[PDB]
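For reference, the chain that follows is the form deposited in one PDB entry, supplied as structure tokens.
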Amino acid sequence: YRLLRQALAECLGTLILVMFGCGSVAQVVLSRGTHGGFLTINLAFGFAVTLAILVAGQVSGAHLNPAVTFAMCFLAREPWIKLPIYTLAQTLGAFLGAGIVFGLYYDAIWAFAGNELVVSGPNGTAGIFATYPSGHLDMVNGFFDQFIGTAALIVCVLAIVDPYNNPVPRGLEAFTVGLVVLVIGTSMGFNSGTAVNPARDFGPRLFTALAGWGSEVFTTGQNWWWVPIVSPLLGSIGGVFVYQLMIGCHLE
């Protein structure tokens, strides 16, 4: 099936960005203040997004983001039947990409806090895979950051893949989206490796539930796990209206 081929490309693409992105967070977290800080995490996530789009772009268009897929279906650019398949294909691959990172750092992760896995705290390793609320990442503060960050990502994506504009060459899309992701982490959020991808957050978080961290990965932070899912979905809706009201509606 043609739609099965595109789902496989989205699965591999989201595997690349999660495996590369979570591996750099594991390097910083496990080697406390020795192998870089936030700059190397931001560049790795931005570079991984560029690489993942180049690999999977020629098949499925390389959305690699349920929020981006939701925005495409909202504008009727893609059928609504692509939304559940892409979301499932993107979540699977973030789950698999998290497993590869777990295998890479299996001994270092288990030795971070003796011989047990801790979700949050000073000796906490669950934050390598999924985001957890810090002092300045409360429910209200975190919701606003993910809403604005996803709206900015949607506007930049729509401005590059616009049919009414000149057909962009290959590579330009990959390096543009990797540029937005790099600058969103640098600017938005006091502490956020990546908070604009619902699949990049739920997939690895679901892996840690079964990897041995327990069910505390969902109940911690007053059930914060649904914030990195709903807020980027709302932010993609806001980013569509901004692009249409500023640029899109006048291109007719």
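For the two forms, the rigid core is made up of the largest set of C-alpha atoms that agree within 1.5 Å on superposition. All residue numbers are counted from 1 along the displayed sequence.
There is also a form deposited in another entry; it is not shown, and the following applies to it.
- In the core-aligned comparison between this form and the one not shown, the C-alpha of 191 is the only one from 191, 42, 50, 27 that shifts by 2 Å or more.
- The two forms, fitted on the rigid core, differ between this form and the one not shown by less than 2 Å at the CA of residue 182.
- In this overlay on the rigid core, residue 79 has a C-alpha that sits less than 2 Å away from its partner position between this form and the one not shown.
- Remark: with the core as the superposition reference, the CA shift of residue 104 between this form and the one not shown stays below 2 Å.
- Cα of residue 222 to Cα of residue 193: at least 3 Å shorter in the other entry than in the shown structure.
- An increase of at least 3 Å in the separation of the C-alpha atoms of residue 52 and residue 170 is found in the other entry, compared with the displayed form.
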